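Taking it in order: structure first as C-alpha cells, then the write-up.
Protein chains: 2
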Amino acid sequence: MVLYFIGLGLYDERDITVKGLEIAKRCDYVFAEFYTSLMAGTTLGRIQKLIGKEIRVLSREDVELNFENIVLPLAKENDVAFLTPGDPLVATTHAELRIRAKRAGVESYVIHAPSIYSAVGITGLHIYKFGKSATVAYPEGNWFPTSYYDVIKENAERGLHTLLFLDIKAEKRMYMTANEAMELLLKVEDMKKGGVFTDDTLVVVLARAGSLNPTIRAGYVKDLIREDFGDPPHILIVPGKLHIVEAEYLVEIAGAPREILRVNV
Amino acid sequence: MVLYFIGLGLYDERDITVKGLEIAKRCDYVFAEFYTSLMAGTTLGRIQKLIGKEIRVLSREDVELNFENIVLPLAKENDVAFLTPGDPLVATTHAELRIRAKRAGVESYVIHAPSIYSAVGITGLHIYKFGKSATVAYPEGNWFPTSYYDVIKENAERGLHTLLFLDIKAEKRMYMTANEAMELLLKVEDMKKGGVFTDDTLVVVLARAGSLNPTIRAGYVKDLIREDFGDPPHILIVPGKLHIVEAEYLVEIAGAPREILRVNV
Ligand SMILES: Nc1ncnc2c1ncn2[C@@H]1O[C@H](CSCC[C@H](N)C(=O)O)[C@@H](O)[C@H]1O
Numbered sequence: 001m002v003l004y005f006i007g008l009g010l011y012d013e014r015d016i017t018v019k020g021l022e023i024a025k026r027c028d029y030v031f032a033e034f035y036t037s038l039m040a041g042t043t044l045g046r047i048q049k050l051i052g053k054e055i056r057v058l059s060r061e062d063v064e065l066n067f068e069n070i071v072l073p074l075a076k077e078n079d080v081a082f083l084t085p086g087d088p089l090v091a092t093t094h095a096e097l098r099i100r101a102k103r104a105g106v107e108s109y110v111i112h113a114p115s116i117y118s119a120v121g122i123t124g125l126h127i128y129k130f131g132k133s134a135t136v137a138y139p140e141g142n143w144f145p146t147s148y149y150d151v152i153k154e155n156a157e158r159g160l161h162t163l164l165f166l167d168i169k170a171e172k173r174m175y176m177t178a179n180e181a182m183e184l185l186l187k188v189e190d191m192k193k194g195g196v197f198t199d200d201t202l203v204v205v206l207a208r209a210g211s212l213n214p215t216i217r218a219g220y221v222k223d224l225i226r227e228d229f230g231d232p233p234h235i236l237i238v239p240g241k242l243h244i245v246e247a248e249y250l251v252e253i254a255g256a257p258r259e260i261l262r263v264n265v
Numbered sequence: 001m002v003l004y005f006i007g008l009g010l011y012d013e014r015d016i017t018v019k020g021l022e023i024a025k026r027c028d029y030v031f032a033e034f035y036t037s038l039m040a041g042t043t044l045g046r047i048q049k050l051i052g053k054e055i056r057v058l059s060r061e062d063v064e065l066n067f068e069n070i071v072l073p074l075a076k077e078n079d080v081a082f083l084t085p086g087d088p089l090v091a092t093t094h095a096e097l098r099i100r101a102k103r104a105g106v107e108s109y110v111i112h113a114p115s116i117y118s119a120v121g122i123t124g125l126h127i128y129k130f131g132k133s134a135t136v137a138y139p140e141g142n143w144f145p146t147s148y149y150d151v152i153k154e155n156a157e158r159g160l161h162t163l164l165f166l167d168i169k170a171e172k173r174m175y176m177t178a179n180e181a182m183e184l185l186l187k188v189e190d191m192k193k194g195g196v197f198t199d200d201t202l203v204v205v206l207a208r209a210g211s212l213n214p215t216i217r218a219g220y221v222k223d224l225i226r227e228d229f230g231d232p233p234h235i236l237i238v239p240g241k242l243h244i245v246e247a248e249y250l251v252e253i254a255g256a257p258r259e260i261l262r263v264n265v
C-alpha cells in the first residue's frame, strides 16, 4: 500500500543510505531508472545483490508515459520502490510522479541519497555561493542550446558560482565530458561575445564524485580543455569571484595555478 | 595514514550511507562534530551503537583550533573517521580541514551523504532555480544582521528561489523555527521597506527532511506565520516565480492554496 522513491547516490551501490537499503529490502517489487544520471562504479547486478531483489529497469518512456500503468498498479496492493541514481528529486522531473501516486490512491515517501548538487562541496567552493544552475545540452540538428551561457553570465555578475550539469544520452550511452562542455561554451562565446567564457576563464571539473578518488581539477580553460579527466560522469563549474579560502583549496587540492591565490578584491 | 570525512545525512542514524557505515566500522578511531548542525532524529548513543565504535565528539574550538593535534596525529598511523551531519564540506569551514590533513602528510577521502541543500528537492521546487543561499541569524544585543533579506531580494528579482538555513545554537540545542524566521523577515521588511517579504509573500516550509514524515507546507506568510510545523529542524524557502509544475506540486503535496496557481506563476 505504498510507493517509495529511493535514491542510490553518486557512484556505486553503497552510496544508498542505510535507511533506503533497509526499506528496499522489505519491498515486494523494486523498479528503477538509470537514464537521469550515470553511476560509474557499480552494475545492476551488484545493486540487486545488495538489496536482495530483482530490479525491473524502466526507460524514460516507461516512466514519463506509463509510470501509472507499470508501477502504481502494484503499489496499490504492495510495498513498491522506485530507485534512481543520486537523489530522486534533484535535476529530474520525478517530483511530478508523486502527484500520479496521489491520484492513484497510493501514499508515497522519499528517501534521499548523496546528490551531485551538494557533492560539489568537495571542490572547496562555498555551497551558499552557488547561484542558478544549468545544463549543457548536446546540440541537435540545426538546434544549438545556449541558455546555460546566460546563466553563467547572470551568476558571475553577482559574484556567484555556476554548476553546470552535463548532458547524458543513456540509451545511446553518451556522457558529455567537461572537455565537450568547454568546447561548446567557447563557441557560444564567439556568438554572443559577452566575455563570459574564454580561454582565460577559471573553471573547475569534478569527475566521478562519490568514488574514493574523484578527479578534482581547477585551472584555465585553455589549459584544461584537452586534459583527460577520466571516465564520466563529469560536472563543470564556472566559479564567480573567489574567497581567499576557496582559492587556497583549489590550489592545494585541485592543482589550480598558484596565481589565483592573489584575488582581486 | 588515512582520514575519512563521513557524512551522517539529514535526520537520524540511518541517514549515513552504506559506504560511510562500513568504512566507519573499520576505522580505528571515530570522531564527530555536532556544531555545524545537529542530527535531531537520533542521539550520539544510537549512532555509536550503529557504528559499534566509541565516538569522540569535538567542539568548534577542538576542530578550528586543534584539529591537527586531536585528529591528525592518530590519522597519521591509523584509519580515522570524522563524522559530520549532512554532506561533508557543505559547511564552509570543513574544506580547509583537508588542507590541514595534506600538510600533516595524511590522506583524506570524502564519503558523501544527503544534504538539506539537495533534499529541498522534495518541496517540488526545481533545484536549478535555487539561487544564492543564506542563513537567518537570531539578532542579539545591538546587533541586527539582515544580509539574508538582501539575498532573497536579489534571487527573487531574477526569478530564483532562496533557501534559508535557520539559526541553531548547537551547543544549547536551540533551533530557530520557521515561525520565528517569518517574524524576523517581517521585522526586517518593516525596516528596509523593499517589498521583499510581506504577509502576501508565498513561502515554503520543510521540517525534518530525511524523516519518513517530514512536514512540507506552502502558503502565504499571513496564514503560515503561526502554524505548527512540528519538531525541528525547520528550513524556510522563499520561492521566486513558479513554473506551473512547481505550483501544482505545492498544491497537491504541500497543501498550498489554489491561489498560487494564478498569483505566483
Ligand atoms: N558522481 C557524479 N560525478 C560527476 N557528475 C555527476 C555525478 N552524478 C551526477 N552528475 C552530473 O549530473 C548529471 C545528471 S543530473 C541528475 C542528478 C541526480 N538526481 C543527483 O542527485 O546527482 C550528469 O550528467 C553529471 O553531469
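Residue numbers (PDB author numbering), protein chains in the order written: chain A, 1 to 265; chain B, 1 to 265.
Built from N, CA and C at the ideal position, the CB exists for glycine as well.
(1) Let me know the secondary structure DSSP gives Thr-198 of chain B once reduced to three states.
(2) Need the endpoints of the beta strand (DSSP E) that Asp-79 of chain B sits in, please.
(3) Between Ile-111 of chain B and the rest of its own chain, which residues show a CB-CB distance below 8 Å, the 5 nearest in sequence each way excluded?
(4) Is any heavy atom in ligand 1 found nearer than 8 Å to the beta carbon of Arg-208 of chain A?
(5) Is the segment 123-134 of chain B touching the segment 23-32 of chain B in the sense that three or more CB pairs, one from each, lie closer than 8 Å?
(6) List the residues of chain A that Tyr-149 of chain B touches, going by C-beta distances under 9 Å, in chain order.
(7) What residue range is occupied by the uninterrupted beta strand (DSSP E) comprising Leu-242 of chain A?
(8) Within 10 angstroms of the Cβ of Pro-114 of chain B, are there 16 or more other Cβ atoms? Answer buried if so, exposed if not.
(9) For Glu-33 of chain B and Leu-163 of chain B, what's the separation of their Cα atoms in angstroms?
(10) State the DSSP-derived secondary structure class of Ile-216 of chain B, mapped to helix, strand or coil.
(11) Check the Cβ-Cβ distances between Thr-36 of chain A and every residue of chain B, and say whether any is below 9 Å.
(12) Report the three-state DSSP secondary structure of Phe-31 of chain B (helix, strand or coil).
(13) With C-beta atoms as the reference, is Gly-255 of chain A less than 9 Å away from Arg-217 of chain A?
(14) Quick one: using the 10 Å Cβ neighbour count with 16 as the cut-off for buried, is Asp-199 of chain B buried or exposed?
(15) Any chance the CB of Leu-97 of chain A is under 8 Å from a heavy atom of ligand 1?
(16) Is there a C-beta anywhere in chain B that falls below 9 Å from the one on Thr-93 of chain A?
(17) Is any heavy atom in ligand 1 found nearer than 8 Å to the beta carbon of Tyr-29 of chain A?
(18) Pull up the distance between the alpha-carbon of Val-71 of chain B and that of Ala-209 of chain A, whole angstroms please.
(19) Quick one: list the residues of chain B neighbouring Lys-102 of chain A, beta-carbon separation under 9 Å, in chain order.
(20) Does the count of Cβ pairs from the segment 88-101 of chain A and the segment 248-265 of chain B closer than 8 Å reach three?
(21) So if DSSP puts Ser-108 of chain B in a beta bridge, which residue, or which two residues, is it bridged to?
(22) From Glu-227 of chain B to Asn-179 of chain B, what distance separates their C-alpha atoms?
(23) Go ahead and pull the three-state DSSP assignment for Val-90 of chain B.
(24) How about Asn-78 of chain A: is its C-beta nearer than 9 Å to some C-beta of chain B?
(25) Which bits of chain A does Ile-122 of chain B rub up against, with CB to CB less than 7 Å?
(26) In this structure, what does DSSP give as the bridge partners for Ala-209 of chain A?
(27) Using CA atoms only, rank isn't needed, just tell me which of A:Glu-54, A:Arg-258, A:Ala-81, A:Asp-62 is closest to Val-2 of chain A.
(28) Does the contact criterion of 3 or more C-beta pairs under 8 Å hold for the segment 139-151 of chain A versus the segment 39-51 of chain A?
(29) Compare the C-beta of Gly-131 of chain A with all C-beta atoms of chain B and state if any pair is closer than 9 Å.
(30) Note down, in chain order, each residue of its chain lying with its Cβ closer than 8 Å to the Cβ of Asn-78 of chain A, except the 5 sequence neighbours on either side.
(31) Closest to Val-196 of chain A by C-alpha separation, out of A:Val-238, A:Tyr-11, A:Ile-127, would be which residue?
(32) Whose C-beta lies closer than 6 Å to the C-beta of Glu-107 of chain A among residues of the same chain, with five residues either side of it excluded?
(33) Excluding the 5 residues flanking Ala-156 of chain B on each side, which residues of the same chain have their C-beta closer than 6 Å to its C-beta?
(34) Among residues of its own chain, excluding the 5 on either side of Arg-56 of chain A, which ones have a beta-carbon nearer than 6 Å to its beta-carbon?
(35) At which residues does the beta strand (DSSP E) containing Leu-163 of chain B begin and terminate?
(36) Quick check: what's the CA-CA separation for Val-203 of chain A versus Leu-242 of chain A?
On the basis of the coordinates in this document:
(1) In this structure, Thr-198 of chain B counts as coil in the three-state DSSP scheme.
(2) Annotation: the continuous beta strand (DSSP E) that includes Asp-79 of chain B extends over 79-84.
(3) These residues qualify, in order along the chain: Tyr-4, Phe-5, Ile-6, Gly-7, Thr-17, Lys-19, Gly-20, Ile-23, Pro-88.
(4) Yes, the Cβ of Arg-208 of chain A comes within 8 Å of a heavy atom of ligand 1.
(5) Touching, no.
(6) Within chain A, no residue comes near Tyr-149 of chain B; the closest Cβ sits about 15 Å away, beyond 9 Å.
(7) Premise fails: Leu-242 of chain A is in no beta strand (DSSP E) and is neither H nor E.
(8) When all chains shown are included, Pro-114 of chain B counts as buried.
(9) Whole-angstrom Cα-Cα distance: 23 Å.
(10) Residue state, collapsed to three classes: strand.
(11) So no, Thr-36 of chain A is outside the interface.
(12) Of the three classes helix, strand and coil, the one that applies to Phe-31 of chain B here is strand, per DSSP.
(13) Taking 9 Å as the Cβ cut-off, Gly-255 of chain A and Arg-217 of chain A qualify as a contacting pair.
(14) That one is exposed.
(15) No, Cβ of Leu-97 of chain A sits at least 8 Å from all heavy atoms of ligand 1.
(16) Using a CB distance cut-off of 9 Å, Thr-93 of chain A counts as an interface residue toward chain B.
(17) Not one heavy atom of ligand 1 is found less than 8 Å from the C-beta of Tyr-29 of chain A.
(18) The straight-line gap from Cα to Cα measures roughly 25 Å.
(19) Those are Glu-252, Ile-253, listed as they occur along chain B.
(20) Inter-segment contact for the segment 88-101 of chain A and the segment 248-265 of chain B is present: three or more beta-carbon pairs are separated by less than 8 Å.
(21) Looking at the DSSP assignment, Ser-108 of chain B forms a beta bridge with B:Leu-3.
(22) When the Cα atoms are used, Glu-227 of chain B and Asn-179 of chain B turn out to be separated by approximately 7 Å.
(23) Three-state result, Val-90 of chain B: coil.
(24) No, because no Cβ of chain B sits closer than 9 Å to the Cβ of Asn-78 of chain A.
(25) Per Cβ cutoff of 7 Å: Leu-89, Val-110.
(26) A:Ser-211, per the DSSP bridge assignment.
(27) With distances taken between Cα atoms, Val-2 of chain A lies closest to A:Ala-81.
(28) Result no; under three Cβ-Cβ pairs closer than 8 Å.
(29) Interface residue, yes.
(30) Residues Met-1, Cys-27, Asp-28, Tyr-29 of the same chain have their beta carbon placed closer than 8 Å to that of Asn-78 of chain A, with the five preceding and five following residues left out of the count.
(31) Measuring from the Cα of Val-196 of chain A, the nearest candidate turns out to be A:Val-238.
(32) These residues qualify, in order along the chain: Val-2.
(33) Around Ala-156 of chain B: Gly-240.
(34) Correct list, in chain order: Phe-31.
(35) Looking at the DSSP string, the run of the beta strand (DSSP E) that includes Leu-163 of chain B is 162-166.
(36) Roughly 12 Å between the two C-alpha positions.
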